[PDB]
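What follows is one structure encoded as structure tokens, with my remarks underneath.
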Protein chains: 4
Amino acid sequence: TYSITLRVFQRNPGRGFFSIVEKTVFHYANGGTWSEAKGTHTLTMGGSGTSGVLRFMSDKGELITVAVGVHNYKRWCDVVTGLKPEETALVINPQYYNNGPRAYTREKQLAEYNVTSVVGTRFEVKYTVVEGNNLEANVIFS
Amino acid sequence: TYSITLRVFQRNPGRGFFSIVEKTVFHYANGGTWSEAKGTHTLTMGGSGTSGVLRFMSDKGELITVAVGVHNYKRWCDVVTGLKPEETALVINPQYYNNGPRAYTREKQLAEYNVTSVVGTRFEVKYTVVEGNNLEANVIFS
Amino acid sequence: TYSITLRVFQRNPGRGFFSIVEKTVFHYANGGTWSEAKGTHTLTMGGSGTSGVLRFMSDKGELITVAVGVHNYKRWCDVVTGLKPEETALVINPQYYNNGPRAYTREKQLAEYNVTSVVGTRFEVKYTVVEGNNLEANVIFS
Amino acid sequence: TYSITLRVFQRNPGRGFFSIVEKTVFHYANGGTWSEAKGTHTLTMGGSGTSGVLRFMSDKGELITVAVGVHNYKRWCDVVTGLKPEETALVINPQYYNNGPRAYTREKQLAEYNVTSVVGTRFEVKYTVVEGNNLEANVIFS
Ligand SMILES: CC(=O)N[C@@H]1[C@@H](O[C@@H]2O[C@H](CO)[C@H](O)[C@H](O)[C@H]2O)[C@@H](O)[C@@H](CO)O[C@@H]1O
Ligand SMILES: CC(=O)N[C@@H]1[C@@H](O[C@@H]2O[C@H](CO)[C@H](O)[C@H](O)[C@H]2O)[C@@H](O)[C@@H](CO)O[C@@H]1O
Ligand SMILES: CC(=O)N[C@@H]1[C@@H](O[C@@H]2O[C@H](CO)[C@H](O)[C@H](O)[C@H]2O)[C@@H](O)[C@@H](CO)O[C@@H]1O
Ligand SMILES: CC(=O)N[C@@H]1[C@@H](O[C@@H]2O[C@H](CO)[C@H](O)[C@H](O)[C@H]2O)[C@@H](O)[C@@H](CO)O[C@@H]1O
């Protein structure tokens, strides 16, 4: 199995304050489960080849998704911003598979990704433990 | 908009103890969001015609999903038990739409549903506020 | 160290739904901390001879406290019901020490305790692991 | 009633990640309760003249407390760092009253306070709504 444990850092009150509004797990690799402990979020997966998505909403209405997973035994991540209300995590997570429009991002196996949204919010995912089965990453909103 | 607020009642320690491992929102009706407050869980939706699923896992390994939504201006619900690890909420939620195998259950517009699983766990969903836009239901594991 | 992990079972929607409104840790035995994981609550203490209290409020307005700790290397518990708003856990926890009015209950070192409040709500604390340093109990509201 | 709603911002992963390990409510002004909603924390009090404390622990072992309250109809705040394990929030909260050693900080009725701990962690409490009965503050760790 693989696990990915996320710590969420929100840096800048001017961007508003984000909370989780959805959590999905893709069905490959015998699926997986999200759990929470001590304010952290862990995705546990049945092997290499699947992923999960957290969707966040800010108190200013901004919607963004963070995807993490393991592809061919290496971690990957992506952040999608500027989402419409109908673009739920249930819509987004499958887009990384079955030759969907985001598959290329999964294939990159990124240990770090940075993107800034249409309303100016800075997002970074950065793995702090980048190899092995017990992976760790910081999700930073700025 | 419609909201459905759930209170989870776990009755019987012999069944183990369940926690939420996934939360999905279907993309119809401009989507929606899950939120938590005072130990309760609220699905807020952009109109009639969509839904969301909570997947639960017990500390004895049992996996079950609870689906709630609004179909043609009336609440509906379903509970699916005996799930395999690969049958995530991401798999289950869409099965209520696009002529999927669970669409019939949504169409019933049930205000109450009772089912007992293969390992003997009793599940009930019961709406306590059954009409209007601010719906309320108890989810009982027994 | 000693830890006590609690699982909260709520049986009867007629009593309303309870959530935690305060958590205290008494200062003996190098204190301790509350943490949450997978819907469970763990009090971790620096040794035998201290305790902590969760105060709960129901959505029907009922206030009650659950105390757990270790006294002379054996677990103990208590439940206090019918609290007034000013009787916070900060008031209650110290009453088990310094010859306070609740010390007698700590001294009993109970592995189980049952009480019914004046409004008819049944409360039970029952330890399912009653010996050693990694203690476990169910807290049952009914 | 007075309420104080807190949003917690953590800026700098180098300081580690903090989670709440205790929440107290002082017994004056008919007490009060802590609640959580959408990742925010609200202290609801029966009137002016009381307070509550959140104690946080980082995953690097640092212990700190944040006190908020209303004194003579104006908000107040304080932060105490470098705590030993036995200095729980149960010890700290009462120190703001009965001519205790921290009363002077309550009496200042501060809308903002900044402190850096001996290990280099910056803490700020800043009220964003500083008047009326529905007060709001950001708690920033850096
Ligand atoms: C080893 C690995 O990461 N493989 C990835 C695939 O994962 C496998 O997918 C199959 C279903 O096709 C099955 O669920 C396996 O258990 C799982 O390991 C899959 O994610 C593909 C997607 O393009 O990438 C890798 O091949
Ligand atoms: C009024 C209502 O509940 N209608 C249901 C449909 O919901 C609509 O679906 C469309 C997309 O087809 C769109 O998203 C609308 O905003 C939404 O109201 C849909 O759920 C169907 C599924 O069979 O049932 C009703 O017709
Ligand atoms: C071993 C044990 O449980 N002792 C209990 C006491 O606990 C000790 O208390 C002292 C403070 O007086 C100190 O904090 C120690 O670290 C702690 O172990 C205490 O709880 C008394 C209360 O009457 O009961 C036992 O003796
Ligand atoms: C109006 C106000 O904020 N008064 C503060 C006091 O609060 C009152 O305290 C008494 C108990 O002595 C009682 O609990 C009241 O209900 C409460 O309003 C108290 O906090 C003092 C502490 O020095 O400060 C103000 O006077």
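Start at 1 and go down the list; that is how both ligands and their atoms are numbered. Every chain is numbered from 1 and lettered A, B, ... according to where its sequence line falls, protein lines coming before strand lines.
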- For C:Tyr97, side-chain hydrogen bond (donor to acceptor under 3.5 Å, both in side chains) partners two or more places apart: C:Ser51
- Item | Pairs where residues 126-136 of chain C contributes a residue and the test side-chain hydrogen bond (donor to acceptor under 3.5 Å, both in side chains) is met, not counting sequence neighbours |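 Counting only pairs at least two positions apart or across chains, the side-chain hydrogen bond (donor to acceptor under 3.5 Å, both in side chains) contacts touching residues 126-136 of chain C are C:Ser3-C:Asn134.
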- Task: Return each pair, listed once, that meets side-chain hydrogen bond (donor to acceptor under 3.5 Å, both in side chains) where at least one residue sits in residues 59-73 of chain C; pairs must be two or more places apart or across chains.
- Result: B:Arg7-C:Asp59, C:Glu62-C:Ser117, C:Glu62-C:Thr121, C:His71-C:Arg106
- Message: Could you check whether A:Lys23 pairs with A:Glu36 (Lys NZ or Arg NE/NH1/NH2 to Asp/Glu carboxylate O, under 4.0 Å)?
- Response: yes
- Message: For the backbone of C:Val25 and the side chain of D:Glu22, can you confirm whether one donor and one acceptor N or O come within less than 3.5 Å of each other?
- Response: yes
- Task: Below 4.0 Å from any atom of ligand 3, which residues have a heavy atom? Give them in chain and number order, please.
- Result: C:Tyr28, C:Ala29, C:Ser48, C:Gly49, C:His71, C:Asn72, C:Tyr73, C:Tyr97, C:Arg106
- Query: What is the distance from atom CD1 of D:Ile64 to atom CZ of D:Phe123, rounded to the nearest 0.5 Å?
  - Reply: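 Going from the CD1 atom of D:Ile64 to the CZ atom of D:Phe123 covers 5.0 Å.
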